[PDB]
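Asker: Sharing a structure, written as structure tokens. Questions coming.
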Number of protein chains: 4
Amino acid sequence: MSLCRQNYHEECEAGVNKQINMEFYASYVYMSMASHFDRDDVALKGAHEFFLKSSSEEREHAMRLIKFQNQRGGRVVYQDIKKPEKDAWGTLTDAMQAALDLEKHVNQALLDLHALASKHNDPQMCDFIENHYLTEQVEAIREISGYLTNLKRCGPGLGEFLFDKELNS
Amino acid sequence: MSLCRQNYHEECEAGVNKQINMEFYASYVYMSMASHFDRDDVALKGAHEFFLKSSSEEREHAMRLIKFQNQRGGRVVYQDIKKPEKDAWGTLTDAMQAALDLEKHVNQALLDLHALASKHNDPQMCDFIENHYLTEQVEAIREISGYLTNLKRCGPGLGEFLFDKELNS
Amino acid sequence: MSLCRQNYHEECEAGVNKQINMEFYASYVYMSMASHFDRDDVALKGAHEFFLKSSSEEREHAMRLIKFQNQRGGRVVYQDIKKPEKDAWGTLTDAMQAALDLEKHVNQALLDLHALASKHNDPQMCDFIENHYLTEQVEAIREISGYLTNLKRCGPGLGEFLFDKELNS
Amino acid sequence: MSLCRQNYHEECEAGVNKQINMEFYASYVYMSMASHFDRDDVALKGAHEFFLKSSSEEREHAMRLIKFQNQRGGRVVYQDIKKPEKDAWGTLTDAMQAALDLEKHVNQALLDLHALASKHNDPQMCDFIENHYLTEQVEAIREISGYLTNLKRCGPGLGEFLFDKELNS
Ligand SMILES: [Ag+]
Ligand SMILES: [Ag+]
Ligand SMILES: [Ag+]
Ligand SMILES: [Ag+]
Ligand SMILES: [Ag+]
Ligand SMILES: [Ag+]
Ligand SMILES: [Ag+]
Ligand SMILES: [Ag+]
Ligand SMILES: [Ag+]
Ligand SMILES: [Ag+]
Ligand SMILES: [Ag+]
Ligand SMILES: [Ag+]
Ligand SMILES: [Ag+]
Ligand SMILES: [Ag+]
Ligand SMILES: [Ag+]
Ligand SMILES: [Ag+]
């Protein structure tokens, strides 16, 4: 009766908790991509920066869902952040493909989370997700898709090096 | 045929009119809380300011729904703004509890209003409500909930005085 | 022969990988402490901010070890970031105690890592750790210890609320 | 009894003298690399600038060890700065490989010098070396290693030309 929870279904709460984990996970994947591209034998500084920034943004995404959980009076429950699937992510194209797949996985998760909120008639949650995640995911996915297109266009070797400069700066 | 109304159902219009009254009412409650806390024998200036600001914001909420009504080509119809339930709101905790209850009542009303708009497939109204009210209500409720938590933590007497300073400044 | 690795023992590399995980873990603990203190029923904003900042700094610590790993030509290998031990961290004192314990655990780990580097005659690694971690840990631990002292001094209730204001601002 | 020497072993002094020569030598190598890349028939201005800067920095490294020698009350003793091993350093990759080898040779020398100081319990010398040389060497080596990686990635011809632009600016 002194708590803030209102119109916030347990499934949604749990879906937010899952999404928190997912965003941390994606953060972690990108951290790993970043460090891969900062290997002396890979040495793609643009990719490194790009994936670091993506890692940091994923962390922010997580945190904003954490906040949301608290703002709705849910209870954040953390789970392990699983290690990413690979220790080495290949070429920039390989990693961008993996990133695209991750973002699509995150995006589906968010869409599922939105479907949850819509199912439970939580329009504030829906709005939150739309406002902070959905278009962002769309943008990210489109952006990575274009990267893949240009990576392919640029080709291996020099093209990769030059394309890599074009990430960020 | 020269009017702007389009896709704006009479129930929604009426729901906006009810919500207008509700926001004015909440404004009025907060006005009363404010004046209570500015009694010489209550004299909690932070609460006074906080509730005045909440009153003014509720008024703005009302006005924005008035505007919306007109922008959608509905017709604003005012009702009495009922006096608040109490003339004296007790301690800061008591008033914060009452505020929490009011905000939850407003919030449910808004959620009902959004459900109305969703039922009548008025996505512009839905968006309006989400954009201007829902998250705001969530924020308000969470904020007041935290106040209650801290009021309890701080305890009566000195704690109330000190907590009161922490509202606003 | 085109790689940068020099004087960087496999044990050290592995110790850095462990330390990376540990810093991420500590980051994660602090994230959880932060969100605990942002519960509507806990609502200690200073603690929230303090633990968020500690989480972010732990992340930076991790990242700097990631960087170091790459700068020394080791290979970062991530592991799961385990969920923290608790879902709810108690009072600010309880959490500060837990933080103190975590920082001491991190600190011992770092000291072990430094002992590793010293054992393997990796003075650059030693210096790195001393330059970026050791004094920082000392500072953190002392700082948290003082917090605990003041939390105790301040007492539960009002004291906790007031002490909480004194974290950060 | 009016001199400053204290806790500065003759071997260390001699090791500093050797290191001075080594840094001058490395300076000289880089000078030669620089001039190679400024040949009209080589004409890689980025490499030229990069190696000039590396030459100048190596000179500064030498000078700082000279200073250190004097600050510790040792006696600087110069030896011939031997001419570099090659008159022509090949492609940018070839020279970067040679640079990597030189920096690793310098780095080992410094590590040996640090081991000397540690053996003789000269922590000020150890610190000096750690503070001014070790991490710098690590950085240099990693940097050159990445260059080699990117030179390889970029390939001969156009890639070399483009990679060359990416040194410095
Ligand atoms: Ag819900
Ligand atoms: Ag990384
Ligand atoms: Ag992203
Ligand atoms: Ag919306
Ligand atoms: Ag919407
Ligand atoms: Ag309608
Ligand atoms: Ag008033
Ligand atoms: Ag309000
Ligand atoms: Ag080592
Ligand atoms: Ag948090
Ligand atoms: Ag810390
Ligand atoms: Ag000595
Ligand atoms: Ag020259
Ligand atoms: Ag150098
Ligand atoms: Ag040191
Ligand atoms: Ag040291």
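Each chain in the structure tokens gets a letter, A, B and so on, in the order shown; residues start at 1 in every chain, and ligands are counted from 1 in the order they appear.
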Tell me which protein, DNA and RNA residues are within 12 Å of range 42-53 of chain D, counting only C-alpha atoms, leaving out same-chain ones fewer than 6 positions away, and put them as a PyMOL selection string.
Answerer: chain D and resi 26-36+59-60+88-96+98-99+140+143-144+147+151+157-169
Asker: Give one line per residue of chain A that approaches chain C to at most 6 Å, naming the two atoms of the closest pair and their distance in Å to one decimal, counting only C-alpha atoms; sort by chain then ascending residue number and deliver it as CSV.
Answerer:
residue,atom,partner,partner_atom,distance
A:39,CA,C:70,CA,5.4
A:70,CA,C:39,CA,5.4
A:79,CA,C:83,CA,5.1
A:80,CA,C:82,CA,4.5
A:81,CA,C:81,CA,5.0
A:82,CA,C:80,CA,4.5
A:83,CA,C:80,CA,4.5
Asker: What would you get as a PDB file with C-alpha atoms, in the first residue's frame if chain C were moved onto chain D by least squares over all of its C-alpha atoms in order?
Answerer:
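Below is the file that was written, part_22.pdb:
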ATOM      1  CA  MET C   1      80.658  12.506   1.193  1.00  0.00           C
ATOM      2  CA  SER C   2      79.355  15.581  -0.781  1.00  0.00           C
ATOM      3  CA  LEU C   3      78.160  13.398  -3.615  1.00  0.00           C
ATOM      4  CA  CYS C   4      74.712  12.202  -4.242  1.00  0.00           C
ATOM      5  CA  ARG C   5      75.366   8.529  -4.937  1.00  0.00           C
ATOM      6  CA  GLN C   6      73.494   6.292  -2.656  1.00  0.00           C
ATOM      7  CA  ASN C   7      72.269   2.803  -3.143  1.00  0.00           C
ATOM      8  CA  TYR C   8      73.426   2.861  -6.727  1.00  0.00           C
ATOM      9  CA  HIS C   9      75.390  -0.136  -7.596  1.00  0.00           C
ATOM     10  CA  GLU C  10      78.207  -0.061 -10.188  1.00  0.00           C
ATOM     11  CA  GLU C  11      76.448  -2.714 -12.223  1.00  0.00           C
ATOM     12  CA  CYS C  12      73.372  -0.644 -12.413  1.00  0.00           C
ATOM     13  CA  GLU C  13      75.398   2.359 -13.401  1.00  0.00           C
ATOM     14  CA  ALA C  14      77.018   0.326 -16.081  1.00  0.00           C
ATOM     15  CA  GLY C  15      73.655  -1.133 -17.132  1.00  0.00           C
ATOM     16  CA  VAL C  16      72.344   2.467 -17.491  1.00  0.00           C
ATOM     17  CA  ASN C  17      75.340   3.312 -19.643  1.00  0.00           C
ATOM     18  CA  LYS C  18      74.591   0.347 -21.802  1.00  0.00           C
ATOM     19  CA  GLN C  19      70.982   1.301 -21.988  1.00  0.00           C
ATOM     20  CA  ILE C  20      71.925   4.855 -22.958  1.00  0.00           C
ATOM     21  CA  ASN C  21      73.857   3.437 -25.842  1.00  0.00           C
ATOM     22  CA  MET C  22      71.063   1.185 -26.768  1.00  0.00           C
ATOM     23  CA  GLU C  23      68.534   4.017 -26.843  1.00  0.00           C
ATOM     24  CA  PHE C  24      70.860   6.119 -28.965  1.00  0.00           C
ATOM     25  CA  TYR C  25      71.258   3.169 -31.190  1.00  0.00           C
ATOM     26  CA  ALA C  26      67.589   2.676 -31.513  1.00  0.00           C
ATOM     27  CA  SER C  27      67.317   6.379 -32.181  1.00  0.00           C
ATOM     28  CA  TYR C  28      69.822   5.917 -34.932  1.00  0.00           C
ATOM     29  CA  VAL C  29      68.056   2.977 -36.429  1.00  0.00           C
ATOM     30  CA  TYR C  30      64.906   4.967 -36.608  1.00  0.00           C
ATOM     31  CA  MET C  31      66.715   7.878 -38.109  1.00  0.00           C
ATOM     32  CA  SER C  32      67.867   5.515 -40.812  1.00  0.00           C
ATOM     33  CA  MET C  33      64.449   4.082 -41.254  1.00  0.00           C
ATOM     34  CA  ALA C  34      63.130   7.575 -41.519  1.00  0.00           C
ATOM     35  CA  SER C  35      65.580   8.569 -44.183  1.00  0.00           C
ATOM     36  CA  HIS C  36      64.928   5.398 -46.094  1.00  0.00           C
ATOM     37  CA  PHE C  37      61.285   6.190 -46.263  1.00  0.00           C
ATOM     38  CA  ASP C  38      62.086   9.695 -47.427  1.00  0.00           C
ATOM     39  CA  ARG C  39      63.973   8.467 -50.436  1.00  0.00           C
ATOM     40  CA  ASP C  40      62.410   9.694 -53.635  1.00  0.00           C
ATOM     41  CA  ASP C  41      62.081   6.053 -54.674  1.00  0.00           C
ATOM     42  CA  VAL C  42      60.437   4.998 -51.489  1.00  0.00           C
ATOM     43  CA  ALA C  43      58.502   8.170 -50.608  1.00  0.00           C
ATOM     44  CA  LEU C  44      56.340   7.074 -47.677  1.00  0.00           C
ATOM     45  CA  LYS C  45      55.890  10.231 -45.833  1.00  0.00           C
ATOM     46  CA  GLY C  46      53.899   8.737 -42.977  1.00  0.00           C
ATOM     47  CA  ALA C  47      56.639   6.216 -42.291  1.00  0.00           C
ATOM     48  CA  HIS C  48      59.185   8.943 -42.576  1.00  0.00           C
ATOM     49  CA  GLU C  49      57.412  10.993 -39.930  1.00  0.00           C
ATOM     50  CA  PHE C  50      56.719   8.017 -37.768  1.00  0.00           C
ATOM     51  CA  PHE C  51      60.318   6.896 -37.717  1.00  0.00           C
ATOM     52  CA  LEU C  52      61.585  10.403 -37.213  1.00  0.00           C
ATOM     53  CA  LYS C  53      59.330  10.727 -34.244  1.00  0.00           C
ATOM     54  CA  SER C  54      60.437   7.330 -32.999  1.00  0.00           C
ATOM     55  CA  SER C  55      64.039   8.446 -33.467  1.00  0.00           C
ATOM     56  CA  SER C  56      63.443  11.581 -31.500  1.00  0.00           C
ATOM     57  CA  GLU C  57      61.674   9.704 -28.746  1.00  0.00           C
ATOM     58  CA  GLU C  58      64.494   7.199 -28.530  1.00  0.00           C
ATOM     59  CA  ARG C  59      66.826  10.080 -28.196  1.00  0.00           C
ATOM     60  CA  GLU C  60      64.694  11.417 -25.365  1.00  0.00           C
ATOM     61  CA  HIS C  61      64.786   7.981 -23.770  1.00  0.00           C
ATOM     62  CA  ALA C  62      68.510   8.085 -23.931  1.00  0.00           C
ATOM     63  CA  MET C  63      68.670  11.470 -22.503  1.00  0.00           C
ATOM     64  CA  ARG C  64      66.404  10.596 -19.672  1.00  0.00           C
ATOM     65  CA  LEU C  65      68.708   7.729 -18.773  1.00  0.00           C
ATOM     66  CA  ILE C  66      71.615  10.090 -19.014  1.00  0.00           C
ATOM     67  CA  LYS C  67      69.848  12.318 -16.624  1.00  0.00           C
ATOM     68  CA  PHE C  68      69.085   9.453 -14.356  1.00  0.00           C
ATOM     69  CA  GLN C  69      72.658   8.422 -14.324  1.00  0.00           C
ATOM     70  CA  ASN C  70      73.600  11.850 -13.187  1.00  0.00           C
ATOM     71  CA  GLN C  71      70.760  12.142 -10.747  1.00  0.00           C
ATOM     72  CA  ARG C  72      71.956   8.909  -9.083  1.00  0.00           C
ATOM     73  CA  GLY C  73      75.510  10.068  -9.087  1.00  0.00           C
ATOM     74  CA  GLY C  74      76.716   7.584 -11.633  1.00  0.00           C
ATOM     75  CA  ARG C  75      78.965   8.597 -14.428  1.00  0.00           C
ATOM     76  CA  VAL C  76      77.737   8.587 -17.913  1.00  0.00           C
ATOM     77  CA  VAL C  77      80.137   6.887 -20.244  1.00  0.00           C
ATOM     78  CA  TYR C  78      79.372   7.000 -23.861  1.00  0.00           C
ATOM     79  CA  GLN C  79      80.291   4.408 -26.453  1.00  0.00           C
ATOM     80  CA  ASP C  80      80.037   4.530 -30.195  1.00  0.00           C
ATOM     81  CA  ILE C  81      76.601   4.495 -31.548  1.00  0.00           C
ATOM     82  CA  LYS C  82      76.876   1.756 -34.045  1.00  0.00           C
ATOM     83  CA  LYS C  83      75.440   2.164 -37.387  1.00  0.00           C
ATOM     84  CA  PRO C  84      72.241   0.348 -38.018  1.00  0.00           C
ATOM     85  CA  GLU C  85      72.274  -3.102 -39.563  1.00  0.00           C
ATOM     86  CA  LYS C  86      70.836  -2.067 -42.890  1.00  0.00           C
ATOM     87  CA  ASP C  87      71.177   0.875 -45.223  1.00  0.00           C
ATOM     88  CA  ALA C  88      67.832   0.212 -46.786  1.00  0.00           C
ATOM     89  CA  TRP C  89      64.940  -1.113 -44.794  1.00  0.00           C
ATOM     90  CA  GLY C  90      62.698  -2.453 -47.491  1.00  0.00           C
ATOM     91  CA  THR C  91      58.975  -1.952 -47.523  1.00  0.00           C
ATOM     92  CA  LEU C  92      57.065  -0.437 -44.713  1.00  0.00           C
ATOM     93  CA  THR C  93      56.343  -3.936 -43.490  1.00  0.00           C
ATOM     94  CA  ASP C  94      59.963  -4.873 -43.573  1.00  0.00           C
ATOM     95  CA  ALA C  95      60.857  -1.759 -41.589  1.00  0.00           C
ATOM     96  CA  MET C  96      58.041  -2.213 -39.163  1.00  0.00           C
ATOM     97  CA  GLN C  97      59.278  -5.738 -38.607  1.00  0.00           C
ATOM     98  CA  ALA C  98      62.709  -4.463 -37.978  1.00  0.00           C
ATOM     99  CA  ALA C  99      61.316  -1.827 -35.685  1.00  0.00           C
ATOM    100  CA  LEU C 100      59.372  -4.446 -33.787  1.00  0.00           C
ATOM    101  CA  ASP C 101      62.565  -6.453 -33.387  1.00  0.00           C
ATOM    102  CA  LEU C 102      64.471  -3.396 -32.288  1.00  0.00           C
ATOM    103  CA  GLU C 103      61.817  -2.428 -29.781  1.00  0.00           C
ATOM    104  CA  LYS C 104      61.713  -5.968 -28.454  1.00  0.00           C
ATOM    105  CA  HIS C 105      65.539  -5.894 -28.155  1.00  0.00           C
ATOM    106  CA  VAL C 106      65.302  -2.555 -26.326  1.00  0.00           C
ATOM    107  CA  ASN C 107      62.518  -3.894 -24.205  1.00  0.00           C
ATOM    108  CA  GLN C 108      64.515  -6.952 -23.227  1.00  0.00           C
ATOM    109  CA  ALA C 109      67.367  -4.718 -22.415  1.00  0.00           C
ATOM    110  CA  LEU C 110      65.222  -2.617 -20.267  1.00  0.00           C
ATOM    111  CA  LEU C 111      63.806  -5.670 -18.550  1.00  0.00           C
ATOM    112  CA  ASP C 112      67.319  -6.800 -17.938  1.00  0.00           C
ATOM    113  CA  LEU C 113      68.144  -3.431 -16.611  1.00  0.00           C
ATOM    114  CA  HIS C 114      65.155  -3.557 -14.326  1.00  0.00           C
ATOM    115  CA  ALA C 115      66.254  -7.054 -13.212  1.00  0.00           C
ATOM    116  CA  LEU C 116      69.598  -5.502 -12.413  1.00  0.00           C
ATOM    117  CA  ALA C 117      68.106  -2.847 -10.340  1.00  0.00           C
ATOM    118  CA  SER C 118      65.821  -5.336  -8.602  1.00  0.00           C
ATOM    119  CA  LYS C 119      68.814  -7.610  -7.939  1.00  0.00           C
ATOM    120  CA  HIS C 120      70.671  -4.733  -6.405  1.00  0.00           C
ATOM    121  CA  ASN C 121      67.651  -3.583  -4.417  1.00  0.00           C
ATOM    122  CA  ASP C 122      67.467  -0.248  -6.142  1.00  0.00           C
ATOM    123  CA  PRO C 123      63.778   0.417  -6.047  1.00  0.00           C
ATOM    124  CA  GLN C 124      64.160   3.964  -7.174  1.00  0.00           C
ATOM    125  CA  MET C 125      65.859   2.699 -10.296  1.00  0.00           C
ATOM    126  CA  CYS C 126      63.232   0.058 -10.731  1.00  0.00           C
ATOM    127  CA  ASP C 127      60.519   2.633 -10.421  1.00  0.00           C
ATOM    128  CA  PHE C 128      62.268   4.916 -12.837  1.00  0.00           C
ATOM    129  CA  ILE C 129      62.461   2.303 -15.385  1.00  0.00           C
ATOM    130  CA  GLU C 130      58.900   1.212 -14.862  1.00  0.00           C
ATOM    131  CA  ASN C 131      57.656   4.754 -14.829  1.00  0.00           C
ATOM    132  CA  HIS C 132      59.457   5.892 -17.962  1.00  0.00           C
ATOM    133  CA  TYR C 133      60.271   2.896 -20.064  1.00  0.00           C
ATOM    134  CA  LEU C 134      58.421  -0.301 -19.473  1.00  0.00           C
ATOM    135  CA  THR C 135      54.905   0.634 -20.308  1.00  0.00           C
ATOM    136  CA  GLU C 136      56.125   2.810 -23.066  1.00  0.00           C
ATOM    137  CA  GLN C 137      57.927  -0.122 -24.575  1.00  0.00           C
ATOM    138  CA  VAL C 138      54.860  -2.266 -24.176  1.00  0.00           C
ATOM    139  CA  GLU C 139      52.870   0.378 -25.942  1.00  0.00           C
ATOM    140  CA  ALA C 140      55.378   0.761 -28.698  1.00  0.00           C
ATOM    141  CA  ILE C 141      55.644  -2.895 -29.307  1.00  0.00           C
ATOM    142  CA  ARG C 142      51.937  -3.420 -29.320  1.00  0.00           C
ATOM    143  CA  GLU C 143      51.567  -0.437 -31.638  1.00  0.00           C
ATOM    144  CA  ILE C 144      54.123  -1.712 -34.099  1.00  0.00           C
ATOM    145  CA  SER C 145      52.677  -5.172 -33.905  1.00  0.00           C
ATOM    146  CA  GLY C 146      49.321  -3.742 -34.912  1.00  0.00           C
ATOM    147  CA  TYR C 147      50.977  -1.904 -37.742  1.00  0.00           C
ATOM    148  CA  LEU C 148      52.415  -5.117 -38.992  1.00  0.00           C
ATOM    149  CA  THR C 149      49.075  -6.732 -38.727  1.00  0.00           C
ATOM    150  CA  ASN C 150      47.497  -3.918 -40.764  1.00  0.00           C
ATOM    151  CA  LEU C 151      50.312  -3.771 -43.245  1.00  0.00           C
ATOM    152  CA  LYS C 152      49.703  -7.402 -43.919  1.00  0.00           C
ATOM    153  CA  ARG C 153      46.008  -6.805 -44.067  1.00  0.00           C
ATOM    154  CA  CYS C 154      46.408  -3.843 -46.381  1.00  0.00           C
ATOM    155  CA  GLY C 155      48.779  -5.616 -48.694  1.00  0.00           C
ATOM    156  CA  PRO C 156      51.524  -4.273 -50.881  1.00  0.00           C
ATOM    157  CA  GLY C 157      51.038  -1.371 -53.230  1.00  0.00           C
ATOM    158  CA  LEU C 158      47.981   0.731 -52.613  1.00  0.00           C
ATOM    159  CA  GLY C 159      47.581  -0.783 -49.193  1.00  0.00           C
ATOM    160  CA  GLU C 160      50.995   0.305 -48.230  1.00  0.00           C
ATOM    161  CA  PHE C 161      50.389   3.753 -49.484  1.00  0.00           C
ATOM    162  CA  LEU C 162      47.082   3.963 -47.550  1.00  0.00           C
ATOM    163  CA  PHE C 163      48.417   2.406 -44.424  1.00  0.00           C
ATOM    164  CA  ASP C 164      51.265   4.845 -44.539  1.00  0.00           C
ATOM    165  CA  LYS C 165      48.774   7.721 -44.380  1.00  0.00           C
ATOM    166  CA  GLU C 166      47.419   6.220 -41.254  1.00  0.00           C
ATOM    167  CA  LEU C 167      50.619   6.452 -39.430  1.00  0.00           C
ATOM    168  CA  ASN C 168      50.501   9.730 -37.441  1.00  0.00           C
ATOM    169  CA  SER C 169      47.515  11.452 -39.290  1.00  0.00           C
TER     170      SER C 169
END
